[PDB]
Amino acid sequence: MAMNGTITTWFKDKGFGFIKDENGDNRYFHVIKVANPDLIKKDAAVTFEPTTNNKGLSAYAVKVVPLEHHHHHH
């Protein structure tokens with residue numbers, strides 16, 4: 001459950017985006033399902049577990065690769 005991919009579309013207003021699976025499956029992940037802060041996003045690299053729409057399989061512990069920089073907020 002540790003695969004690499006990239007963000008193809010992102011809806012920050014809706015709090016999720018779309019990522020292409022190594023398996024060729026195009027599926028969406030939610031900022032809540034991301035282990036890294038929802039305040040940190042970048043399309044240049046993601047690591048995630050394979051999943052489907054929330055009608056079948058669920059997703060959790062998604063990791064987005066940082067740019068060696070972050071900020072702390074309340």
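Quick note, the sequence shown lines up with residues 1 to 74 if you use the authors' numbering. Even for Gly, the Cβ is constructed at its ideal location relative to N, Cα and C.
| Asked | Found |
| --- | --- |
| Other residues of its chain near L39: CB distance less than 7 Å, five sequence neighbours each side excluded | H73 |
| Between the CA atoms of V64 and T6 - distance to the nearest angstrom | 9 Å |
| Sequence-distant residues of the same chain with beta carbon closer than 6 Å to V31, five excluded per side | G15, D38 |
| Candidates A59, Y60, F18, of which the one nearest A45 by Cα | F18 |
| Environment of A59 [buried if 16+ CB atoms lie within 10 Å] | buried |
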